[PDB]
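Novice:
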Amino acid sequence: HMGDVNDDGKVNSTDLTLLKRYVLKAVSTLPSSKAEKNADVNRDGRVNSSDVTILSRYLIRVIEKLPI
Amino acid sequence: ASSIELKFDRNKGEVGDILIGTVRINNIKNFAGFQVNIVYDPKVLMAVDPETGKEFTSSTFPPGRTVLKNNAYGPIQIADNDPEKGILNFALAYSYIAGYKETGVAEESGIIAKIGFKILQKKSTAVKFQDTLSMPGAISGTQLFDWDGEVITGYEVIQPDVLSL
Amino acid sequence: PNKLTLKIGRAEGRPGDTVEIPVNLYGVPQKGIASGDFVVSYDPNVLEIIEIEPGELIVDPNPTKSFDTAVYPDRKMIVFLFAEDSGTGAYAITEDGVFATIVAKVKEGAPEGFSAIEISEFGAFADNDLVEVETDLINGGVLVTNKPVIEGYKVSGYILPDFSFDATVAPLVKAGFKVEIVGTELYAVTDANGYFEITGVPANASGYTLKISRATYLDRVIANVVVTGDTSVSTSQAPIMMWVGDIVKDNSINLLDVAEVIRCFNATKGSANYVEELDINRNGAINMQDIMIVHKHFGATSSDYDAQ
Ligand SMILES: [Ca+2]
Ligand SMILES: [Ca+2]
Ligand SMILES: [Ca+2]
Ligand SMILES: [Ca+2]
Numbered sequence: 021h022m023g024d025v026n027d028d029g030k031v032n033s034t035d036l037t038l039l040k041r042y043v044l045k046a047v048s049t050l051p052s053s054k055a056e057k058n059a060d061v062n063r064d065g066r067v068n069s070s071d072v073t074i075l076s077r078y079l080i081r082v083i084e085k086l087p088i
Numbered sequence: 018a019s020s021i022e023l024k025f026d027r028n029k030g031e032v033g034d035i036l037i038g039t040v041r042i043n044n045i046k047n048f049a050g051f052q053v054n055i056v057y058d059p060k061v062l063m064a065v066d067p068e069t070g071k072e073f074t075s076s077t078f079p080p081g082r083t084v085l086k087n088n089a090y091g092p093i094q095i096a097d098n099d100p101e102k103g104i105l106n107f108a109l110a111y112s113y114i115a116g117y118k119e120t121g122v123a124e125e126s127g128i129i130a131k132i133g134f135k136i137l138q139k140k141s142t143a144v145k146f147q148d149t150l151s152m153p154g155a156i157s158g159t160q161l162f163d164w165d166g167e168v169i170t171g172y173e174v175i176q177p178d179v180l181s182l
Numbered sequence: 006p007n008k009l010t011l012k013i014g015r016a017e018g019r020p021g022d023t024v025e026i027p028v029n030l031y032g033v034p035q036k037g038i039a040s041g042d043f044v045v046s047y048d049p050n051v052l053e054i055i056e057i058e059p060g061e062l063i064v065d066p067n068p069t070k071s072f073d074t075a076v077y078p079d080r081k082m083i084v085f086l087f088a089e090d091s092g093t094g095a096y097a098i099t100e101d102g103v104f105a106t107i108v109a110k111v112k113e114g115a116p117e118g119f120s121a122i123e124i125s126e127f128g129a130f131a132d133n134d135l136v137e138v139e140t141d142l143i144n145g146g147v148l149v150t151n152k153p154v155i156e157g158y159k160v161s162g163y164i165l166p167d168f169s170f171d172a173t174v175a176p177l178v179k180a181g182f183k184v185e186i187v188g189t190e191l192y193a194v195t196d197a198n199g200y201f202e203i204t205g206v207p208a209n210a211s212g213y214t215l216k217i218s219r220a221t222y223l224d225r226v227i228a229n230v231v232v233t234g235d236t237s238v239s240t241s242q243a244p245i246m247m248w249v250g251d252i253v254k255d256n257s258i259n260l261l262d263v264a265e266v267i268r269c270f271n272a273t274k275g276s277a278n279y280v281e282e283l284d285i286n287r288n289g290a291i292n293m294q295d296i297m298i299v300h301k302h303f304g305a306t307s308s309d310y311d312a313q
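Chains as they are written, first to last, in the entry's author numbering: chain A, 21 to 88; chain B, 18 to 182; chain C, 6 to 313.
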């Protein structure tokens, strides 16, 4: 489920905030193995401020489909 | 009754004689002013102060009156004659008509003017009160006022009889 | 209740007007709100969204970093996103209040009526531990009225020249009194019925002062006109009287004044000596009857009027 950063079966503002905190390393860990995968929204291997921007823009619906 | 009247003293006379027209008001209620317009034939008559025989000019104001002489109310005189065309036109009024009214006693009957007409010819001639463009709404060249500053109506205008030979 | 509540406000304007609809957060927990998202729907045929200002509730020194919106008029929607951007919980919402202000123009051809702005989709709100928080939703919208809203109150009344005149001429003698509110730049001029109305008068319960003025007229001062809403100073059957005859403006009616009329004595409409304002009663000539009008208030000064 591309984007479900906290793995609760929804993609919402809660994911984006957790992600911001993860990328900062202000929370040490995402809740699961799938989570980490969900977090990499541009399927580019790394999880960082780009995912954050992408997720941010998908939530605003400026981007139609995620995985890109 | 209630009227403004122009009477003459003599029915006839000789070239160089001075006929005395008298203008008077009878029972005008709360009378405080007036303006009149008299006409005559200048080729037959000459408007003339009946006491000095001097010819009337544009600004000559007729003497004689026995009303509106109470200086506590500020009388004013205005003459606008045109003797070259046989027109006499003059006015008189109290200024402070209030103080006048404030006292109750109205001046309702008396003489307002005395005009001399110096005979210039033995022709038969008339002198009339008469309407003028200068006095719209006036009654036959006459407008009378009360101590409210309002024009007065419903009085008779009594013209003098024709002057013969 | 004491639970979290998202509320679209309400507003009203005429078509063409710009209006602000607030969006409120009520019931914000001690722990703080760190994130929310939702869609709001509206009628683009009635409202045109100008922009969405982030609320006072958004406390990031650069609120746009934490708060975002996308307007989609063809989809008839506005998406709202809030994700506290500090990444340390420092910019969590911690008070009840305004979360965002929708700024909209009511389109010029909009129908009268109430246009709904409704929360149409909902994502989540979550506290500063990132635990989602049950939320209650309340719609709102804009009331499109054709009622004209005002700069305030209407001061009005009737003025009458104190002297006789022919009906046919009343239109002239009755129009042209300027009533002005002293100390301000507000005035009005009477119409052919002697009626004036000053509009847009700021409330003042201390009272204003009115100054009525017109060429040839004795200026009049009405004091202590308290305004607590629309005010009528006088009525047609009982107008404010104006005295004529202050021809040489000095606030006294006297010889100097009468003198001016006499200088034009017996002149008629078209005559050279003629001067309309001196034909006091507009009967076509200047004569003793005009002067007699003036004599009505011979000796008078402004102070001579009544205070009421
Ligand atoms: Ca989620
Ligand atoms: Ca990435
Ligand atoms: Ca004056
Ligand atoms: Ca007149």
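Think of the CB as a built atom: it goes at the ideal place given N, C-alpha and C, for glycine as much as any other residue.
Applying a beta-carbon distance threshold of less than 7 Å, which residues of chain A neighbour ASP42 of chain C?
Specialist: What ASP42 of chain C touches in chain A: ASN32, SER33, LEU79.
Novice: Which residues in chain C sit within 8 Å of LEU38 of chain A, going by Cβ to Cβ distance?
Specialist: The answer, in chain order, is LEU135.
Novice: To the nearest angstrom, report how far apart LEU180 of chain B and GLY199 of chain C are at their CA atoms.
Specialist: When rounded, the distance between both Cα atoms is 53 Å.
Novice: What residues does ligand 1 have around it, judged by CB closer than 7 Å to any heavy atom, in chain order?
Specialist: Matched residues: A:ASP24, A:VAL25, A:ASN26, A:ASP28, A:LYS30, A:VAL31, A:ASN32, A:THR34, A:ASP35.
Novice: What whole-angstrom Cβ distance do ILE298 of chain C and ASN288 of chain C have, given they're in contact under 8 Å?
Specialist: About 11 Å; that fails the 8 Å criterion.
Novice: Any C-beta of chain A sitting closer than 7 Å to the C-beta of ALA75 of chain C?
Specialist: True, the Cβ-Cβ gap to chain A drops below 7 Å.
Novice: With a threshold of 7 Å between beta-carbons, can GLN52 of chain B be considered close to chain C, or not?
Specialist: Judged by the 7 Å Cβ criterion, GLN52 of chain B is in contact with chain C.
Novice: How long is the line joining the alpha carbons of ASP165 of chain B and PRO166 of chain C, rounded to whole angstroms?
Specialist: Spanning the two alpha carbons is a distance of roughly 15 Å.
Novice: Exposed or buried, which one is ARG63 of chain A when buried takes at least 16 other CB atoms within 10 Å?
Specialist: By the 10 Å Cβ count, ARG63 of chain A comes out exposed.
Novice: State buried or exposed for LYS254 of chain C, treating a residue as buried only when at least 16 other CB atoms are found within 10 Å of its CB.
Specialist: So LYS254 of chain C counts as exposed.
Novice: Quick one, are the C-beta atoms of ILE98 of chain C and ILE26 of chain C less than 7 Å apart?
Specialist: Going by C-beta atoms, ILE98 of chain C is not nearer than 7 Å to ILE26 of chain C.
Novice: Considering only residues of the segment 63-115 of chain C, which uninterrupted beta strand (DSSP E) runs meet the minimum length of 3 residues and lie entirely inside it, listed in chain order?
Specialist: Those beta strand (DSSP E) runs which fall completely within the segment 63-115 of chain C and span 3+ residues are 72-77, 82-88, 102-111.
Novice: Just the chain B side, please: which residues come within less than 7 Å of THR273 of chain C by C-beta, in chain order?
Specialist: Those within 7 Å of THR273 of chain C in chain B are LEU150, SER151.
Novice: Can you find at least 3 beta carbon pairs, one from the segment 70-77 of chain B and one from the segment 116-125 of chain B, that sit closer than 8 Å?
Specialist: Counting Cβ pairs under 8 Å, fewer than three are found: no touch.
Novice: Does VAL82 of chain A come within less than 7 Å of chain C when only Cβ atoms are used?
Specialist: Closer than 7 Å: yes.
Novice: Work out the CA separation of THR189 of chain C and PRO92 of chain B for me, nearest whole Å.
Specialist: In a straight line, the C-alpha of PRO92 of chain B is about 44 Å away from that of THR189 of chain C.
Novice: Which value, in whole angstroms, describes the spacing of the CA atoms of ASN278 of chain C and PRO20 of chain C?
Specialist: Each residue's Cα considered, the two are about 56 Å apart.
Novice: Using a C-beta cutoff of 7 Å, does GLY212 of chain C count as contacting chain A?
Specialist: With 7 Å as the cut-off, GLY212 of chain C does not count as an interface residue toward chain A.
Novice: Based on Cα-Cα distance, which residue from C:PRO207, C:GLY128, C:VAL194, C:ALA312 lies nearest to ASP35 of chain A?
Specialist: Considering only alpha carbons, the answer is C:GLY128.
Novice: Under 5 Å from any heavy atom of ligand 4, by CB: list those residues in chain order, please.
Specialist: Those residues, listed in chain order, are C:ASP284, C:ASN286, C:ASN288, C:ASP295.
Novice: In angstroms, rounded to a whole number, what distance separates the CA positions of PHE73 of chain B and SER218 of chain C?
Specialist: Spanning the two alpha carbons is a distance of roughly 43 Å.
Novice: Kindly indicate which three-state DSSP category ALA143 of chain B falls into: helix, strand or coil?
Specialist: Of the three classes helix, strand and coil, the one that applies to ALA143 of chain B here is coil, per DSSP.
Novice: For the segment 224-268 of chain C, list the alpha helix (DSSP H) runs that are entirely contained and at least 4 residues long, ordered along the chain.
Specialist: Here the runs fully enclosed are 260-267.
Novice: Does any residue of chain A bring its CB to less than 7 Å from the CB of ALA131 of chain C?
Specialist: It does; some Cβ of chain A falls within 7 Å.
Novice: Of all Cβ atoms in chain A, is any one closer than 7 Å to the Cβ of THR236 of chain C?
Specialist: Not closer than 7 Å to any Cβ of chain A, the Cβ of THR236 of chain C fails to qualify, so no.
Novice: Leaving out five residues on either side along the sequence, give the residues of the same chain with a beta carbon under 7 Å from the beta carbon of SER71 of chain C.
Specialist: So the list reads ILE63, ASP65, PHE87, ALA88, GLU89, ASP90, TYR96, once near-sequence residues are dropped.
Novice: Taking 7 Å as the CB-CB cut-off, is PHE303 of chain C touching chain B?
Specialist: With 7 Å as the cut-off, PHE303 of chain C counts as an interface residue toward chain B.
Novice: Helix, strand or coil for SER70 of chain A? Go by DSSP, reduced to three states.
Specialist: In the structure shown, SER70 of chain A sits in a helix (DSSP, three-state: H, G or I).
Novice: Any heavy atom of ligand 2 closer than 6 Å to the beta-carbon of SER70 of chain A?
Specialist: Under cutoff, so the answer is yes.
Novice: Identify the continuous beta strand (DSSP E) that holds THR10 of chain C and give its terminal residues.
Specialist: Its beta strand (DSSP E) spans residues 9-13.
Novice: Should the segment 257-277 of chain C be regarded as contacting the segment 299-311 of chain C, the criterion being three or more beta carbon pairs within less than 8 Å?
Specialist: Enough Cβ pairs lie closer than 8 Å, so yes.
Novice: From which residue to which residue does the alpha helix (DSSP H) around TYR172 of chain B run?
Specialist: Counting along the chain, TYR172 of chain B falls outside any alpha helix (DSSP H), and DSSP gives it neither H nor E.
Novice: Give a single yes or no on whether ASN58 of chain A has its beta carbon closer than 6 Å to a heavy atom of ligand 2.
Specialist: No, the beta carbon of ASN58 of chain A sits no closer than 6 Å to any heavy atom of ligand 2.
Novice: Using the Cα positions of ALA18 of chain B and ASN47 of chain B, report the straight-line distance between them to the nearest angstrom.
Specialist: About 15 Å.
Novice: Relative to the C-alpha of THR69 of chain B, which residue among B:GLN160, B:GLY158, B:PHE134 is closest?
Specialist: Checked all of B:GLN160, B:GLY158, B:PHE134; the closest Cα to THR69 of chain B is B:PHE134.
Novice: Which chain A residues are close to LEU11 of chain C, counting only those with a beta carbon under 9 Å from its beta carbon?
Specialist: Chain A residues near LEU11 of chain C: none, gap ~13 Å exceeds 9 Å.
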